[PDB]
Amino acid sequence: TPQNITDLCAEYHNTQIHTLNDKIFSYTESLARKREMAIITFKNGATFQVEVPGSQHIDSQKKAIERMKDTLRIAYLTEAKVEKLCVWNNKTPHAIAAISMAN
Amino acid sequence: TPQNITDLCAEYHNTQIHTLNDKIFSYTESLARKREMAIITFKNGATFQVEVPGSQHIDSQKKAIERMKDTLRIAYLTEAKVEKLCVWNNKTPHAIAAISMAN
Amino acid sequence: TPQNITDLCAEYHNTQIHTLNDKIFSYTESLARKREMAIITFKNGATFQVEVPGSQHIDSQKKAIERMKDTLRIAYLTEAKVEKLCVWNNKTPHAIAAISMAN
Amino acid sequence: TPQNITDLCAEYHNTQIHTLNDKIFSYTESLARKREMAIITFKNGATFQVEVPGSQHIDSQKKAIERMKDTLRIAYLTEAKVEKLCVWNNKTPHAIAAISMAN
Amino acid sequence: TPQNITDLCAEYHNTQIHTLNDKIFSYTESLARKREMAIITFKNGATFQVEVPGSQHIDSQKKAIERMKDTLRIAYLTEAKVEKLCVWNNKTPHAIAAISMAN
Ligand SMILES: CC(=O)N[C@H]1[C@H](O[C@@H]2[C@H](O[C@]3(C(=O)O)C[C@H](O)[C@@H](NC(C)=O)[C@H]([C@H](O)[C@H](O)CO)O3)[C@@H](O)[C@H](O[C@H]3[C@H](O)[C@@H](O)[C@H](O)O[C@@H]3CO)O[C@@H]2CO)O[C@H](CO)[C@H](O)[C@@H]1O[C@@H]1O[C@H](CO)[C@H](O)[C@H](O)[C@H]1O
Ligand SMILES: CC(=O)N[C@H]1[C@H](O[C@@H]2[C@H](O[C@]3(C(=O)O)C[C@H](O)[C@@H](NC(C)=O)[C@H]([C@H](O)[C@H](O)CO)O3)[C@@H](O)[C@H](O[C@H]3[C@H](O)[C@@H](O)[C@H](O)O[C@@H]3CO)O[C@@H]2CO)O[C@H](CO)[C@H](O)[C@@H]1O[C@@H]1O[C@H](CO)[C@H](O)[C@H](O)[C@H]1O
Ligand SMILES: [Cl-]
């Protein structure tokens, strides 16, 4: 089993690690139909998304999706420093697959 | 897929962006029959609501609505500054569709 | 659709507004059978309850009962000032229908 | 309907009030099979548990049990002062039936 | 029945206690398929995981698994001190079974 975000990220196709070492700059949440998702940017301008759940996700992923949204929300509110992001780069904005936070 | 709230709002009918750049002034919550909802106001008098889930709403929108309510409560509690709100102006108060918070 | 708590409270039978403008003094919670409920009081001795969900309530009522409880707990914990409460006066202690918070 | 924890506790068999007026000393949580439970202690050594959900518990019970766990966790983390506990004294450690918190 | 994490940990095969008395150093969360899990680290390098639900778990443990993730998440964000962890040492990284926190 992967021991860290890096090795975990390397297990899938079209992924890439982004090292931020910075807190989240803005948080956006949408309840609009077909656009039920969350978006975040950082000071440098990088923008990321938590994908609207769809056909490319199995049941275990749907719940993990809801948890990831809870997570970003509280991290943003408490101004926590996000270290790294493992994202799928074949989408725009890049879709978040994993996150790590280190004080 | 939109990169921001403005473009996202631009994807629906009867929507509209509101720049507040201010923390929520009042938060109201009701559990009364058929009026299970939340209402927020800003110091300028601006008043918005999170629509009572309805027949039209599907499961995805339903839990999105639940999350928004959670979002408004904690944001109000943390005095988090809200930047913009994308609302459906064909209702009174205007219903919230999306929200953005900055730093 | 109503825009504030006083106007909302006025749409039902046997309700009333209690103006508090003060934080909750104590929070009580129970998991005992038939009394799975929460109770709060204010320094002035005022006491209120969130009804135990019954047969009368539909699931949308039920979910709202759940949220109110969450709301009260976190309100108590953050020491937020509660402004007004819309309550059913046909019960004892008076049962909560809606709540508003503002500073 | 009871208005305080003492009166509510008095409605059952084999219960008892414990007055603590102190914050939680430690919090323990387990996911191990048949031990999916929470245990809390106070500085004076006192120890209490939230029973593992079982067959006797109706939806309202199990759900109330899940809530009690969220409550104790957050009470612990925020260092909230626990006033009294209503517990079943025919179980070791004594099992929590209700809780009250005051400043 | 068991009063502490040590005794509880003792009821299973392949377990072991780790006394840490320190705060979580990094927190990692993933929503990738078959990797819907969490991983934590402590300053000395020690790594632990919450296992992806599997056939070795029942619905009761599945709930508890979601709860443990929420727990690790707030503990981290709040820099709470974890005292001990009961883990399964037949896996890599070590799988968390129970956790104790004390100021
Ligand atoms: C790259 C891709 O299209 N992935 C989609 C996936 O397709 C399957 C194979 O991809 C992997 C992968 O993503 O790397 C292979 C991994 O080892 C799998 N790992 C595990 C632990 O299961 C994952 C995993 O199944 C998915 O990520 C879960 O959603 O899938 C893909 O390579 C394969 O297609 C080959 C084909 O076999 C070969 O003959 C041909 O020559 O080349 C193809 C491309 O390499 O086909 C597999 C399906 O039959 O399928 C899932 C849905 O079932 C998704 O569509 C996944 O796409 C990504 O989904 C992400 C969410 O999980 C996210 O939205 C990304 O943005 C999507 O591209
Ligand atoms: C050690 C093990 O194999 N555990 C798996 C379990 O197997 C059962 C027996 O082990 C216990 C244990 O873990 O100590 C026995 C406990 O008394 C049980 N306690 C309670 C309250 O129920 C637990 C419990 O069932 C599991 O932890 C739940 O997942 O299981 C194991 O000894 C046994 O096989 C014996 C056999 O009976 C004996 O004749 C033979 O000669 O020696 C064998 C090995 O000592 O069989 C039991 C199952 O038939 O079964 C469950 C599935 O039901 C899991 O697969 C469990 O594996 C662990 O699961 C953990 C998560 O809960 C975690 O992932 C660990 O990493 C897994 O190893
Ligand atoms: Cl009884």
Side-chain angles (χ1 to χ4, degrees), chain A residues 31-33, chain B residues 14 24-42 45-59 61-77 85 87-97 99, chain C residues 1-20 37-38 40 48-75 80 82-91 93-102:
Chain A
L31 117 197
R33 196 209 198 321
Chain B
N14 314 105
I24 296 158
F25 181 60
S26 247
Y27 169 85
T28 297
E29 189 182 302
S30 160
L31 93 200
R33 183 155 188 170
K34 299 289 173 283
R35 236 143 273 158
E36 305 88 351
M37 65 199 274
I39 308 173
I40 60 166
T41 76
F42 286 83
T47 307
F48 311 90
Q49 74 162 115
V50 178
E51 71 197 342
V52 169
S55 54
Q56 62 149 325
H57 300 133
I58 45 175
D59 294 323
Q61 267 198 297
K62 277 192 162 64
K63 71 173 168 184
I65 286 169
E66 287 304 286
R67 172 178 299 281
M68 184 59 80
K69 282 186 282 180
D70 284 354
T71 294
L72 297 180
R73 179 172 58 196
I74 194 68
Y76 169 73
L77 293 167
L85 261 177
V87 308
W88 279 292
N89 58 23
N90 69 339
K91 297 205 174 186
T92 286
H94 291 337
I96 298 166
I99 185 168
Chain C
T1 300
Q3 300 191 60
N4 67 64
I5 204 181
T6 52
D7 292 354
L8 183 136
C9 203
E11 272 139 45
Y12 304 97
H13 289 84
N14 302 151
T15 47
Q16 64 188 150
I17 292 286
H18 284 281
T19 291
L20 293 302
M37 63 185 299
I40 61 171
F48 304 98
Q49 64 166 304
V50 178
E51 290 174 318
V52 175
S55 44
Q56 64 150 319
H57 306 113
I58 36 180
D59 286 10
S60 70
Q61 273 291 276
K62 289 186 166 60
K63 58 66 59 180
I65 287 177
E66 292 300 293
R67 177 184 293 286
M68 190 51 82
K69 289 185 284 182
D70 290 348
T71 299
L72 299 186
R73 178 219 274 142
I74 192 66
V82 1
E83 167 194 38
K84 294 168 188 286
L85 286 176
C86 169
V87 305
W88 272 294
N89 57 33
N90 53 276
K91 281 287 197 289
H94 284 174
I96 301 171
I99 176 179
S100 70
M101 295 186 279

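Just the heavy atoms: all of them, side chains too, but no hydrogens, waters or symmetry mates, feed the values below. Letters go in sequence order (proteins before strands), and every chain restarts at 1.
- Atom CG of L8(C) and atom OG1 of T28(B) lie 8.5 Å apart (nearest 0.5 Å).
- Legend: residues meeting ring pair (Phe, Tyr, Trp, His ring centres under 6.0 Å) with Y76(B), ordered by chain and number and at least two apart, are absent.
- To the nearest 0.5 angstrom, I99(C) atom CD1 is 6.5 Å from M68(C) atom CE.
- For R67(C), the salt bridge (charged side-chain N to carboxylate O under 4.0 Å, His left out) criterion is met by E66(B), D70(B), not counting sequence neighbours.
- Every side-chain contact (heavy atoms from CB on, under 4.5 Å) that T15(C) has, sequence neighbours left out, goes to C9(C), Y12(C), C86(C), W88(C).
- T92(B) is linked by a side-chain contact (heavy atoms from CB on, under 4.5 Å) to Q3(C), counting only residues two or more places apart in sequence or in another chain.
- To the nearest 0.5 Å, atom NZ of residue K69(B) and atom CD of residue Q49(B) are 11.0 Å apart.
- Evaluation of the side chain to side chain donor-acceptor pair (under 3.5 Å) rule for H57(C) yields no partner, not counting sequence neighbours.
- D7(C) pairs by the side chain to side chain donor-acceptor pair (under 3.5 Å) definition with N4(C), not counting sequence neighbours.
- Here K91(C) pairs with nothing under the side chain to side chain donor-acceptor pair (under 3.5 Å) rule; sequence neighbours left out.
- The side-chain contact (heavy atoms from CB on, under 4.5 Å) search around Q16(C) returns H18(C), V87(C), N89(C), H94(C), not counting sequence neighbours.
- Put simply, OH on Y27(B) and OG1 on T41(B) are 12.5 Å apart, with the number rounded to the nearest 0.5 Å.
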Chi angles and distances behind the side-chain contact (heavy atoms from CB on, under 4.5 Å) call for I24(B), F42(B): CA-CA 5 Å; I24(B) 296 158; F42(B) 286 83; 3.8 Å; yes

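- A donor-acceptor pair under 3.5 Å links the side-chain atoms of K62(B) to the main chain of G54(B), judged by distance alone.
- Every side chain to side chain donor-acceptor pair (under 3.5 Å) that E83(C) has, sequence neighbours left out, goes to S100(C).
- Formation of a donor-acceptor pair under 3.5 Å by the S30(B) side chain with backbone atoms of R35(B) is found in this model.
- Every residue meeting the side-chain contact (heavy atoms from CB on, under 4.5 Å) condition with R33(A), not counting sequence neighbours, appears here in chain and number order: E36(A), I58(B), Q61(B).
- Closest approach of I17(C) and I5(C) over heavy atoms only: CD1-O, 3.9 Å.
- Between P93(B) and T1(C), the shortest heavy-atom distance links the atoms CD-CG2, 4.0 Å.
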Test side-chain contact (heavy atoms from CB on, under 4.5 Å) applied to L31(B) and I96(C), step by step: CA-CA 8 Å; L31(B) 93 200; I96(C) 301 171; 5.6 Å; no

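- Heavy-atom contacts from other residues, nucleotides or ligands closer than 6.0 Å to CG of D59(B) number 12 or fewer.
- Of the inter-residue distances, the one linking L72(C) atom CG with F48(C) atom CZ reads 11.5 Å to the nearest 0.5 angstrom.
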